[PDB]
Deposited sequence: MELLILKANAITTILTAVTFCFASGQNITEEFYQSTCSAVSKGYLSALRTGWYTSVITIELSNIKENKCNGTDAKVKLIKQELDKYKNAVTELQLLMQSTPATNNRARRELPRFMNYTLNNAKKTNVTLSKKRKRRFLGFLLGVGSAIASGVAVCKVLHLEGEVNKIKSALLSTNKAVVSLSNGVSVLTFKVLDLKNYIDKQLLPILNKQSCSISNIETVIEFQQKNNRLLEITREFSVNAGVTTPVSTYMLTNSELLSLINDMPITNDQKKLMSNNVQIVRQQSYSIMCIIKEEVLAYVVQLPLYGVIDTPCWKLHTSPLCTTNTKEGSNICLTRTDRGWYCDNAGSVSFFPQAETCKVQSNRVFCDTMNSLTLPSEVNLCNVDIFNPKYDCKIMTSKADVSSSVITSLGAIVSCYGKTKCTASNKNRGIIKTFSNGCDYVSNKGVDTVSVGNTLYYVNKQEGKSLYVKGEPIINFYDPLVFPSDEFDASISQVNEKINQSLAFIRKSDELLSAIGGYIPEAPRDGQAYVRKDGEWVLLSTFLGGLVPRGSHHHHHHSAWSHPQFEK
C-alpha cells in the first residue's frame, strides 16, 4: 500500500507505506573446508589428476601467503557527510583473532568431526555457528591416495575437478579482494547452505522468515573474511546482518530545487531541502538515511544499514508540512543556480523547470500530455510513462499507488532577493533567517 504526497510549497514529495528491515548488528559464523595433507606414470588420466592436484596445492599456498597479515580493509576518518564512521568487519576480525589462539582451531576441528554443522563456544566467550561445507580431506584420502601411477578412470578426473573447483573459485575471490569480499558469493556459501545457516541461526521466526525470503539482499549486506588455514582446516568468517528493526514504517523524502521563475538569466534565487533520503521509525526516534542509494527496496520492504544513518527526533517530519515550524530547524541549502531537472519519485515525478527549458510529461501511446511552466511542479505516474526536462528523458516508475498534490505557495516567494543569502551550502531555515536579520539591520 504505497502512497505519495507532493508538497508544492517546499518542492518535495514523500513516498510512504514501506516496511523497515534495518541492519542493527552482526552475526559471525565460521565456515570451514577440511583439507588433505599430501610418480613416473605418464598416463593421460593421471596427468589430468596431477594438474588438478597442483591447482589444489597452489590454492592452499596462495591462501597461506595471503593470510600472513591481518585482514585488510579501507575505512574513513546530501547530508551523508554528517554520518559517523565505523569499522564494518571489526566484529568479524575479532572472531578471527580468536581463531589464531592455540587450540581454538582444534575445538572447531573436533566439533565438526561427526557432523557438518555445530555451535562452538570460543575461548573469549563468543558462541559461533560452525559449518564444514567441503571435505577435500575425505575425498583425496579415500579416492585419490591409492591412485598414487595406479589405475585411473575418467569419472574420477571429472569428479575431482568438480569438487576442487569451489576451492579454486574461493581463492580467486580472495586474491582480488585482499581476503574480504562483499556480497558473499555462492562459492563462499551456496543458497542451500545459507538458507540452512539462517534456519540454525539463533534468531526469531520473523528474522528467519525475512532473511530466507530475501537471501540475495542478505548476501549484499554480508562479508566473507578469510581467516585462518592451519591443521588441515581452512576457515573463513562469514559476517551476516542482524535485522533488529523489522516492519516499522518507512518513507522516502524526495527534494528538488525551488527557485523564482524569472526567464531572465541569473536573476533567480533558489532554495533546496537538504534532508532528503529514507526515514524509518526506530525506537522512539527516526532513523534518517541521507543517501537513499545505500538502501535496497524489495517490493514495499526497505533494507538499510544503521551505520549509514542519523538518529533524529521525530519532529523532523514537521518539515514536510510546516518547514517554518519552531520545533525543528529544517535543513535547506540556498543557491543562485536556476538549472532545470527532474526527480523520479516512487509514484510520480517532481519537475523543477526554470530558464528556457522544455519540460513535458508524455504517454507512450499519445505523446505529450502536459507542458510544465517555470517553477516546481509534480505529475502522477498514472497515465504518465515518461518525463522530459531539457535533453534528458526520464522513465517513471509504473508501480500502483495513489498520489496526493498538496497545494501551497512556494516559500521562495517569501524572501526578498536583495537580502537573500544566495550561497549557503549547509544551512537551515533559522540559519537563513539569522543572516537576513543582520543584513536588514545594516540597511
**Request:** Residue ranges with no C-alpha coordinates, please: along the deposited sequence, counted from 1, in order.
**Result:** 1-26, 65-68, 108-136, 208-211, 507-568
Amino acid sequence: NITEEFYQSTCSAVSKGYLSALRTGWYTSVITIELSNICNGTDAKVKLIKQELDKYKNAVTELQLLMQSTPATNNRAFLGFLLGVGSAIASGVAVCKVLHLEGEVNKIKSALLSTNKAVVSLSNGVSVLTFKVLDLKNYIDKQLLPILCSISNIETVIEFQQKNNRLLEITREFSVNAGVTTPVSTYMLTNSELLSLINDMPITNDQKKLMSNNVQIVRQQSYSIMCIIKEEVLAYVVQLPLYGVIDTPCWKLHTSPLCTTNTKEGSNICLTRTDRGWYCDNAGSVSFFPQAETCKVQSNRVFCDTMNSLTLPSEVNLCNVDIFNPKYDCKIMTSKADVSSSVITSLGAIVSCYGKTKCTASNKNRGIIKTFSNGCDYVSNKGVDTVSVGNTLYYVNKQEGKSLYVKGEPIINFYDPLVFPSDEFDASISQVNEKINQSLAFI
From here on, numbers count along this sequence of modelled residues.
**Complete:** For 387-395 versus 51-59, entry-based mean Cα B-factors point to 51-59
**Request:** Please work out which of 280-288 and 364-372 has the higher mean CA B-factor as recorded in the PDB entry.
**Result:** 364-372
**Request:** Sort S346, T272, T263, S341 by C-alpha B-factor from the entry and give me just the highest.
**Result:** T263
**Complete:** Per the deposited B-factor column, the C-alpha that peaks among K109, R166, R172, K356 belongs to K109
**Assigned third (lowest, middle, highest) for the C-alpha B factor of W251** = lowest
**Prompt:** With respect to C-alpha B-factor, does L65 fall in the lowest, middle or highest third of the chain as deposited?
**Reply:** highest
**Request:** Relative to the other modelled residues of the same chain, rank the CA B-factor of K230 and answer lowest, middle or highest third.
**Result:** highest
**Prompt:** When the modelled residues of the chain are sorted by Cα temperature factor, does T73 land in the lowest, middle or highest third?
**Reply:** highest
**Fill in**
Assert third(CA B-factor, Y139) within chain per record equals highest
